[PDB]
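Please read the structure below before turning to the comments.
Bear in mind that the values in this text are calculations on the coordinates, not laboratory data. Cβ: placed from backbone, ideal geometry, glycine included. Neighbour counts: every protein chain shown.
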Amino acid sequence: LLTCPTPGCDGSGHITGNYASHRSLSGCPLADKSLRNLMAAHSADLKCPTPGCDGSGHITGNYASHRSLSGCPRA
DNA sequence: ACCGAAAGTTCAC
DNA sequence: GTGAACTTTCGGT
Ligand SMILES: [Zn+2]
Ligand SMILES: [Zn+2]
C-alpha cells in the first residue's frame, strides 16, 4: 500500500520473510508460504540509511515515513 | 536461470 | 521543503 503498490500488502514482511524492506518487485507477503516466527539473522533496512537516525519522526514532525532525502531528525 | 531483496532516485503535494 | 513512490542492479537459491 504505502510502501509497495500492492493494496493488500502493507510493505512490512516479505515473501520469504528473510527481510522487511520491500516497495517494488521484491516480496509482497500476500499469500506467502508460511515462514516468520522468530526467524532472526535478516539484514533489511526498514528505516533511513542514516545510522544516527532510527526512522521515527520527521524533521518537521508532521509525518513519520522517511527513508531517503525526506527528513531525518538526527544524525 | 530465476526469484527475491535492496539502493539510490524521482514525482507530487 | 517534505513526503511518498518506482525502476533497476546485485546477490542468493
Ligand atoms: Zn507488498
Ligand atoms: Zn535517518
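I'd like the residue in the stretch A:13-48 that is among the polar types (S, T, N, Q) and touching a residue at least 12 places away in the same chain (Cβ under 8 Å) and, out of all such residues, is farthest from A:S65 (Cα to Cα).
Selected residue: A:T16.
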Check the stretch A:20-34 and report whether any residue there is away from ligand 1 (no atom under 15 Å from the Cβ) and not basic (K, R). yes
Looking at the stretch A:24-75, which of its residues are over 23 Å from A:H14 (Cα atoms) and either of a type in the set (F, W, Y) or within 6 Å of DNA strand C (Cβ to nearest atom) (or both)? A:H58, A:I59, A:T60, A:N62, A:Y63, A:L69, A:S70, A:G71
Output for the stretch A:25-47, where each listed residue is within 9 Å of DNA strand B (Cβ to nearest atom) and surrounded by 11 or more Cβ atoms within 10 Å (Cβ to Cβ): A:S26, A:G27, A:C28, A:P29, A:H42, A:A44, A:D45, A:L46
Unmet criterion (only one of (1) within 15 Å of ligand 1 (Cβ to nearest atom); (2) over 14 Å from the mean Cα position of the chain (by Cα)) for A:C53: (1)
Taking the stretch A:1-12, which residues are crowded, with 17+ Cβ neighbours inside 10 Å and within 11 Å of the chain's Cα centre (by Cα)? A:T3, A:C4, A:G11
